[PDB]
$ cat data_1.cif   # mmCIF, C-alpha atoms
data_final
loop_
_atom_site.label_atom_id
_atom_site.label_comp_id
_atom_site.auth_asym_id
_atom_site.auth_seq_id
_atom_site.Cartn_x
_atom_site.Cartn_y
_atom_site.Cartn_z
CA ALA A 253 -38.18 -53.44 59.58
CA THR A 254 -41.62 -52.14 60.44
CA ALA A 255 -43.99 -53.75 57.96
CA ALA A 256 -45.84 -51.52 55.51
CA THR A 257 -49.63 -51.53 55.44
CA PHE A 258 -51.22 -49.65 52.59
CA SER A 259 -54.51 -48.89 50.89
CA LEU A 260 -54.70 -50.37 47.38
CA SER A 261 -57.37 -49.06 45.00
CA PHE A 262 -58.50 -50.38 41.61
CA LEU A 263 -60.45 -47.24 40.73
CA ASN A 264 -61.44 -46.13 37.20
CA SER A 265 -61.29 -49.59 35.63
CA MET A 266 -63.45 -51.03 32.86
CA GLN A 267 -64.53 -54.41 31.47
CA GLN A 268 -65.45 -53.91 27.81
CA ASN A 269 -63.73 -56.61 25.65
CA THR A 270 -60.45 -54.82 24.98
CA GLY A 271 -58.81 -57.77 23.24
CA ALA A 272 -56.50 -59.27 25.85
CA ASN A 273 -55.71 -58.12 29.40
CA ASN A 274 -53.47 -55.15 30.08
CA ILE A 275 -52.26 -52.88 32.89
CA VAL A 276 -52.52 -49.16 32.18
CA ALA A 277 -50.99 -47.36 35.16
CA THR A 278 -49.68 -48.07 38.66
CA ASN A 279 -48.79 -45.42 41.22
CA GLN A 280 -47.47 -45.36 44.78
CA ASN A 281 -45.74 -42.81 46.97
CA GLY A 282 -42.68 -44.48 48.44
CA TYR A 283 -38.97 -44.15 47.67
CA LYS A 284 -35.59 -45.38 48.84
CA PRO A 285 -33.16 -42.66 49.96
CA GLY A 286 -30.59 -40.95 47.78
CA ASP A 287 -28.41 -37.87 47.27
CA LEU A 288 -28.48 -34.63 45.28
CA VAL A 289 -26.77 -34.63 41.90
CA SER A 290 -28.18 -31.62 40.05
CA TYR A 291 -30.43 -28.59 40.34
CA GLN A 292 -32.05 -26.42 37.71
CA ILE A 293 -34.48 -23.56 37.16
CA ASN A 294 -37.54 -24.12 35.00
CA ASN A 295 -39.41 -21.53 32.94
CA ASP A 296 -42.26 -20.94 35.40
CA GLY A 297 -39.83 -20.02 38.18
CA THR A 298 -39.51 -23.30 40.07
CA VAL A 299 -36.16 -24.47 41.40
CA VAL A 300 -36.09 -28.23 40.88
CA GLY A 301 -33.47 -30.53 42.38
CA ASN A 302 -33.09 -34.03 40.96
CA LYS B 52 -33.57 -14.16 19.75
CA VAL B 53 -32.86 -17.88 19.81
CA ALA B 54 -35.88 -19.91 20.88
CA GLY B 55 -34.36 -23.38 20.84
CA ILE B 56 -32.44 -26.07 19.04
CA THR B 57 -35.00 -28.49 17.64
CA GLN B 58 -34.22 -32.02 16.54
CA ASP B 59 -35.57 -34.11 13.68
CA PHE B 60 -36.64 -37.30 15.46
CA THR B 61 -37.43 -39.35 12.38
CA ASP B 62 -35.77 -42.75 12.31
CA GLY B 63 -33.17 -43.51 9.69
CA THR B 64 -31.57 -46.34 7.74
CA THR B 65 -31.55 -49.83 9.22
CA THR B 66 -28.16 -51.32 8.32
CA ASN B 67 -27.34 -54.99 8.88
CA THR B 68 -24.05 -55.95 10.53
CA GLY B 69 -24.39 -59.54 11.76
CA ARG B 70 -23.34 -59.20 15.41
CA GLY B 71 -25.19 -60.74 18.33
CA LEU B 72 -25.81 -57.93 20.81
CA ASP B 73 -27.15 -55.22 18.48
CA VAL B 74 -30.76 -54.00 18.60
CA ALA B 75 -32.62 -51.36 16.58
CA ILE B 76 -36.06 -49.76 16.95
CA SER B 77 -38.44 -49.42 14.01
CA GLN B 78 -40.81 -46.77 15.44
CA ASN B 79 -41.25 -44.59 18.53
CA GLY B 80 -39.45 -45.68 21.69
CA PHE B 81 -36.18 -45.31 23.59
CA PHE B 82 -33.89 -47.60 25.54
CA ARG B 83 -33.65 -46.67 29.22
CA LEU B 84 -30.33 -46.80 31.08
CA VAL B 85 -29.10 -45.92 34.55
CA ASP B 86 -25.72 -44.42 35.29
CA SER B 87 -23.34 -44.97 38.20
CA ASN B 88 -24.97 -42.20 40.24
CA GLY B 89 -28.52 -43.43 39.68
CA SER B 90 -29.36 -40.81 37.06
CA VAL B 91 -31.76 -42.23 34.48
CA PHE B 92 -31.04 -41.53 30.80
CA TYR B 93 -32.68 -42.47 27.52
CA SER B 94 -31.13 -43.46 24.22
CA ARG B 95 -31.58 -44.72 20.67
CA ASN B 96 -28.12 -46.12 19.89
CA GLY B 97 -28.31 -49.88 20.21
CA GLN B 98 -24.83 -51.36 20.56
CA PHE B 99 -24.14 -53.22 23.77
CA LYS B 100 -21.29 -54.93 25.58
CA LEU B 101 -20.66 -57.21 28.54
CA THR C 202 -23.66 -59.84 63.49
CA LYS C 203 -27.47 -59.66 63.31
CA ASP C 204 -30.14 -57.27 62.05
CA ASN C 205 -29.60 -53.61 63.11
CA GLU C 206 -26.49 -54.33 65.22
CA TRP C 207 -22.91 -53.86 64.04
CA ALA C 208 -19.53 -54.15 65.75
CA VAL C 209 -16.52 -51.94 65.04
CA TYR C 210 -12.94 -53.03 65.75
CA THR C 211 -9.83 -50.84 65.85
CA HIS C 212 -6.25 -51.26 64.67
CA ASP C 213 -3.18 -49.00 64.50
CA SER C 214 -1.68 -49.42 61.05
CA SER C 215 1.31 -47.04 61.11
CA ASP C 216 3.41 -49.00 63.64
CA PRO C 217 4.46 -52.66 63.94
CA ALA C 218 4.27 -53.12 67.75
CA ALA C 219 0.47 -53.14 67.86
CA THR C 220 -1.52 -55.59 69.96
CA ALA C 221 -3.55 -58.09 67.95
CA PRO C 222 -7.30 -57.30 68.14
CA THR C 223 -8.89 -59.91 70.40
CA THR C 224 -11.74 -57.75 71.76
CA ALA C 225 -14.06 -55.61 69.66
CA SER C 226 -14.01 -51.89 70.34
CA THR C 227 -17.75 -51.24 70.43
CA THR C 228 -21.23 -52.17 69.25
CA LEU C 229 -23.60 -49.90 67.32
CA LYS C 230 -27.35 -50.50 67.52
CA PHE C 231 -30.03 -49.02 65.28
CA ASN C 232 -33.75 -48.41 65.21
CA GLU C 233 -36.17 -50.11 62.89
CA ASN C 234 -36.48 -46.75 61.14
CA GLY C 235 -32.74 -46.78 60.42
CA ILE C 236 -31.69 -44.31 63.14
CA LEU C 237 -28.69 -44.77 65.43
CA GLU C 238 -29.84 -45.28 69.00
CA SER C 239 -27.17 -46.41 71.45
CA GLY C 240 -23.43 -46.83 71.85
CA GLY C 241 -21.86 -44.24 69.58
CA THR C 242 -19.04 -42.65 71.59
CA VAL C 243 -15.85 -44.45 72.59
CA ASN C 244 -12.45 -43.46 74.02
CA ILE C 245 -9.56 -44.98 72.05
CA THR C 246 -5.80 -44.82 72.61
CA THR C 247 -3.25 -45.21 69.83
CA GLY C 248 0.19 -46.79 69.85
CA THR C 249 3.44 -44.93 70.29
CA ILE C 250 6.52 -44.29 68.16
CA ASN C 251 9.77 -42.26 68.46
CA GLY C 252 9.24 -41.44 72.14
CA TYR D 303 -28.18 -74.35 29.54
CA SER D 304 -26.57 -77.74 29.05
CA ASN D 305 -29.55 -79.79 30.24
CA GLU D 306 -31.84 -78.59 27.41
CA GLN D 307 -33.30 -75.82 29.56
CA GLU D 308 -34.17 -72.22 28.74
CA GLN D 309 -34.08 -69.42 31.29
CA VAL D 310 -35.32 -65.88 30.86
CA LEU D 311 -33.09 -63.31 32.54
CA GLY D 312 -35.05 -60.10 31.97
CA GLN D 313 -36.97 -58.17 29.34
CA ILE D 314 -35.71 -55.03 27.62
CA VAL D 315 -38.00 -52.12 28.50
CA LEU D 316 -38.84 -49.46 25.97
CA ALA D 317 -40.13 -46.06 27.00
CA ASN D 318 -41.56 -43.12 25.16
CA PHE D 319 -42.65 -39.62 26.06
CA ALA D 320 -45.81 -37.72 25.24
CA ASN D 321 -43.67 -34.80 24.06
CA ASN D 322 -40.38 -34.97 22.22
CA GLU D 323 -38.35 -31.79 21.49
CA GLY D 324 -38.14 -31.31 25.25
CA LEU D 325 -35.41 -33.81 25.85
CA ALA D 326 -31.98 -32.43 26.71
CA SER D 327 -28.90 -33.82 25.00
CA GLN D 328 -26.65 -34.67 27.90
CA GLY D 329 -23.28 -35.65 26.49
CA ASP D 330 -22.73 -38.78 24.40
CA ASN D 331 -25.42 -40.68 22.49
CA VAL D 332 -27.76 -40.17 25.44
CA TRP D 333 -30.73 -37.95 26.30
CA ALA D 334 -32.45 -37.02 29.56
CA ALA D 335 -36.07 -36.36 30.49
CA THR D 336 -37.08 -33.14 32.24
CA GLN D 337 -40.09 -30.86 32.49
CA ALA D 338 -42.00 -30.17 29.24
CA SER D 339 -41.62 -33.84 28.32
CA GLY D 340 -43.51 -35.54 31.13
CA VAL D 341 -43.18 -38.88 32.88
CA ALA D 342 -41.37 -41.87 31.37
CA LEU D 343 -44.35 -44.00 30.16
CA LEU D 344 -42.49 -47.28 29.83
CA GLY D 345 -43.53 -50.70 28.56
CA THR D 346 -42.62 -53.59 26.24
CA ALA D 347 -41.88 -53.83 22.54
CA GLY D 348 -45.04 -55.56 21.34
CA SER D 349 -48.19 -53.74 22.35
CA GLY D 350 -49.14 -50.11 22.79
CA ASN D 351 -47.66 -47.59 20.37
CA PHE D 352 -44.13 -48.96 20.50
#
$ encode --input "data_1.cif" --output "structure tokens"
Amino acid sequence: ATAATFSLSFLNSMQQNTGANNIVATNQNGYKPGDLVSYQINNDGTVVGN
Amino acid sequence: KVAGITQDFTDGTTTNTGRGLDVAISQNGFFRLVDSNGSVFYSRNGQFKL
Amino acid sequence: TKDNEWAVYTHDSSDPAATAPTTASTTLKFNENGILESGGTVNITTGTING
Amino acid sequence: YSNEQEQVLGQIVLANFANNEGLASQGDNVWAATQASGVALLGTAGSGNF
């Protein structure tokens, strides 16, 4: 496989004696492939397929 | 009109049974399962198998 | 066999006079973005039965 | 194990949503997260608000 290079950012962190250490939130924009199983219509008018 | 069916999400009686693979939750939280298709569901009923 | 190459073999299951597979039918080769690239079409003959 | 060893095999993940009463009952003792409930917000049983 072609190796993935990516930009990793620790933005909006703080060091203020919050007891022990903890991880609040991680986010990234990759996904393995899949198939369609269901679709629905929300209240604002968007058709959403899961 | 009918707006919606609402649910009373307060936790109930904790009853002892003495098995090995039985878990309960004392406050907010749900167990998280995946199905055969990859659909992700959430639950409160703790009674497992092998 | 190795990464991004597969080999497909053929057999005729509805008749007993079939030749034993000693040679693979064909190789399939992929990309490194998971796309088929080369060797996808092949001309195959079956067996015969009842004339 | 039978050589006085202990092995962890995984940790049961709890998850809770910022908005209940938006979950959809989807069959047996099982819910499902959609819009008007949010993202999963999953963690472990000790810390947080679990």
$ interface_residues --input "data_1.cif" --of "chain D" --to "chain A" --cutoff "12 Å" --atoms "all atoms listed in the file" --output "VMD selection string"
chain D and resid 334 to 338 341 to 346 349 to 350
$ atom_distance --input "data_1.cif" --atom1 "CA of residue 327 in chain D" --atom2 "CA of residue 313 in chain D"
26.0 Å
$ resolve_selection --input "data_1.cif" --expression "the PyMOL selection byres ((chain A and resi 289) around 12)" --output "list in words"
residues 286, 287, 288, 290, 291, 292, 300, 301 and 302 of chain A; 86, 87, 88, 89, 90 and 91 of chain B
$ atom_distance --input "data_1.cif" --atom1 "CA of residue 252 in chain C" --atom2 "CA of residue 226 in chain C"
25.6 Å
$ resolve_selection --input "data_1.cif" --expression "the PyMOL selection byres ((chain C) within 9 of (chain A))" --output "JSON, numbers by chain"
{"C": [232, 233, 234, 235]}
$ resolve_selection --input "data_1.cif" --expression "the PyMOL selection byres ((chain B and resi 61-75) around 6)" --output "JSON, numbers by chain"
{"B": [59, 60, 76, 97, 98, 99]}
$ closest_residue --input "data_1.cif" --among "B:92, B:101, B:85, B:52" --to "residue 326 in chain D" --atoms "all atoms listed in the file"
B:92
$ interface_residues --input "data_1.cif" --of "chain D" --to "chain B" --cutoff "9 Å" --atoms "all atoms listed in the file" --output "PyMOL selection string"
chain D and resi 314-319+322-324+328+331-335+344+347+351-352
$ atom_distance --input "data_1.cif" --atom1 "CA of residue 241 in chain C" --atom2 "CA of residue 211 in chain C"
14.2 Å
$ residues_around --input "data_1.cif" --residues "residue 230 in chain C" --least-positions-apart "2" --cutoff "12 Å" --atoms "all atoms listed in the file" --output "list in words"
residues 202, 203, 204, 205, 206, 207, 208, 209, 227, 228, 232, 233, 234, 235, 236, 237, 238, 239, 240 and 241 of chain C
$ residues_around --input "data_1.cif" --residues "residue 220 in chain C" --least-positions-apart "3" --cutoff "12 Å" --atoms "only C-alpha atoms" --output "mmCIF file with C-alpha atoms, in the frame of the given file"
data_model
loop_
_atom_site.group_PDB
_atom_site.id
_atom_site.type_symbol
_atom_site.label_atom_id
_atom_site.label_comp_id
_atom_site.auth_asym_id
_atom_site.auth_seq_id
_atom_site.Cartn_x
_atom_site.Cartn_y
_atom_site.Cartn_z
ATOM 1 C CA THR C 211 -9.830 -50.840 65.850
ATOM 2 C CA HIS C 212 -6.250 -51.260 64.670
ATOM 3 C CA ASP C 213 -3.180 -49.000 64.500
ATOM 4 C CA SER C 214 -1.680 -49.420 61.050
ATOM 5 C CA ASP C 216 3.410 -49.000 63.640
ATOM 6 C CA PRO C 217 4.460 -52.660 63.940
ATOM 7 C CA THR C 223 -8.890 -59.910 70.400
ATOM 8 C CA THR C 224 -11.740 -57.750 71.760
ATOM 9 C CA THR C 246 -5.800 -44.820 72.610
ATOM 10 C CA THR C 247 -3.250 -45.210 69.830
ATOM 11 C CA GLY C 248 0.190 -46.790 69.850
ATOM 12 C CA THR C 249 3.440 -44.930 70.290
#
